[PDB]
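Engineer: experimental coordinates for this protein are included below, preceded by the sequence.
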Amino acid sequence: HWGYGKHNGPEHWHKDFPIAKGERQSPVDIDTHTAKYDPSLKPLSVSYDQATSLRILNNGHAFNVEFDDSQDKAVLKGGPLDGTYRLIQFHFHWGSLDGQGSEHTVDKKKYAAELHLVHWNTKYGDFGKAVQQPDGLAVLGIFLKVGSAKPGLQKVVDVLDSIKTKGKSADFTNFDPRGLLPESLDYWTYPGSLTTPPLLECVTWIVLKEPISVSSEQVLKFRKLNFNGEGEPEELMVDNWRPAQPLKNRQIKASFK
Ligand SMILES: [Zn+2]
């Protein structure tokens, strides 16, 4: 099955998931000079005050911090979005080295990592239905650079030892995702896809311009995770990012001048 290795990595995915070569695949390079300011973009609304985290899971390709999405608690709206999108999970993609790891790039620049806060459109009732719709998901993407520590990330970092291998989970309640956001909510937005198989073309991407800073020690602990299950040969969970895909017939819009 698919992964990020030499023989099952992104260049292989199209054989099982032909949509890999589709018309609105993600991630993409964000050419900042070609992106156009769109004054019709409403302000972005991130309402995470009632967020209820439940669990953190190593799923063999990343780790997911999962939320209770059975009520409108933590929601994303405004910006390019019509209606209300409910937070279901967040996860990261990261590199083996600080110079790579992000999925989106900015004028071909790669960041050390990228945070994805995944939301689904409540008009479709559940997440499984939402991924079958062109406007089913909204993913808020946030770049990570290495510098000062992000205090709000440390609780995530310290539980990773308990979910080292594929299929392990741990209770992870009362985590506040507001601690992972940068100061500015300036963003780029474009229509795209899941960046992992099945690569469904159901995502409105909202990528923040301002990165957050995390420490070398924090990202080093990401890199101690395992792709493998317990009692299997160790393969470090690093470079779990898909590279930039062709933009094709799409325009990236900016929320800012
Ligand atoms: Zn992702």
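Structural biologist: That came in fine, so what should we check first? Numbering: from 1, shown residues only.

Engineer: middle-most residue in this protein, spatially?
Structural biologist: residue 116 (2.0 Å; Cα atoms, centre = their mean).

Engineer: what about it, distance to residue 257?
Structural biologist: With distances taken as Cβ to Cβ, to the nearest Å, residue 116 is found 26 Å from residue 257. The C-beta positions use only the backbone N, C-alpha and C, and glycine is treated the same way.

Engineer: same question, residue 247
Structural biologist: Taking Cβ to Cβ, one finds residue 247 at 22 Å from residue 257.

Engineer: those two - which one has more neighbours?
Structural biologist: residue 247 (17 against 6; other Cβ atoms under 10 Å).

Engineer: tell me the contacts of that one?
Structural biologist: By Cβ atoms under 8 Å, 6 or more residues apart in numbering, the contact list for residue 247 reads 28-29.

Engineer: what helix or strand does it sit in?
Structural biologist: Using DSSP states H and E, residue 247 is not contained in any helix or strand.

Engineer: backbone torsions only: list them for it.
Structural biologist: Reported as degrees, to the nearest 10, the phi and psi values for residue 247 are phi -70, psi -30.

Engineer: tell me the bridge partners for the residue nearest to the centre of the chain.
Structural biologist: Beta bridges link residue 116 to residue 91, residue 141, judged by DSSP bridges.

Engineer: so it touches residue 143, yeah?
Structural biologist: No. Using Cβ atoms under 8 Å, residue 116 is not in contact with residue 143, being 11.0 Å away.

Engineer: separation between the residue lying farthest from the centre of the chain and residue 87?
Structural biologist: In the chain, counting by Cα atoms, centre = their mean, residue 231 sits farthest out from the average C-alpha position, at 28.6 Å. Separation of residue 231 from residue 87 (Cβ to Cβ) stands at 34 Å.

Engineer: can you check residue 25 too?
Structural biologist: Relative to residue 87, residue 25 is positioned 24 Å away (Cβ to Cβ).

Engineer: cool, residue 35 as well?
Structural biologist: Note on residue 35: its distance to residue 87, by Cβ to Cβ, is 26 Å.

Engineer: same check, this time on residue 159
Structural biologist: Residue 159 is 19 Å from residue 87, by Cβ to Cβ.

Engineer: so those two - more neighbours on which side?
Structural biologist: Of the pair residue 159 and residue 87, residue 87 is the one with more neighbours under other Cβ under 10 Å, namely 27 against 16.

Engineer: okay, and the more buried one sits in which element?
Structural biologist: In the assignment (DSSP H and E), residue 87 maps to strand 85-94.

Engineer: could you point out the helix or strand that follows that strand?
Structural biologist: Going down the chain from strand 85-94, the next helix or strand is strand 105-106, by DSSP H and E.

Engineer: what's in contact with stretch 214-231?
Structural biologist: Residues outside stretch 214-231 that contact it (Cβ under 8 Å, 6+ apart) are 3-4, 58, 60-61, 63, 92, 94, 96, 98, 112-113, 144-150, 153-154, 157, 160-161, 163-168, 234-238, 240.

Engineer: and with 7 Å instead?
Structural biologist: Outside of stretch 214-231, the residues within contact range by Cβ atoms under 7 Å, 6 or more residues apart in numbering are 3, 58, 60, 63, 92, 94, 96, 112-113, 144, 146, 148-150, 153, 157, 160, 164-167, 234-238.

Engineer: likewise stretch 11-28?
Structural biologist: Stretch 11-28 has contacts (Cβ under 7 Å, 6+ apart) with 2, 103-104, 190-193, 195, 197-199, 201, 203, 205, 242, 244-245, 247-250.

Engineer: ok, stretch 84-100 next?
Structural biologist: 51, 62-67, 69, 72, 74-77, 101-103, 110, 112-122, 127, 138, 146, 177, 219, 222-223, 238-241.

Engineer: out of those, which are buried?
Structural biologist: Among the contacts of stretch 84-100, the ones that count as buried by 16 or more other Cβ atoms under 10 Å are 51, 62-67, 69, 74-77, 101-103, 110, 112-122, 127, 138, 146, 177, 219, 222-223, 238-241.
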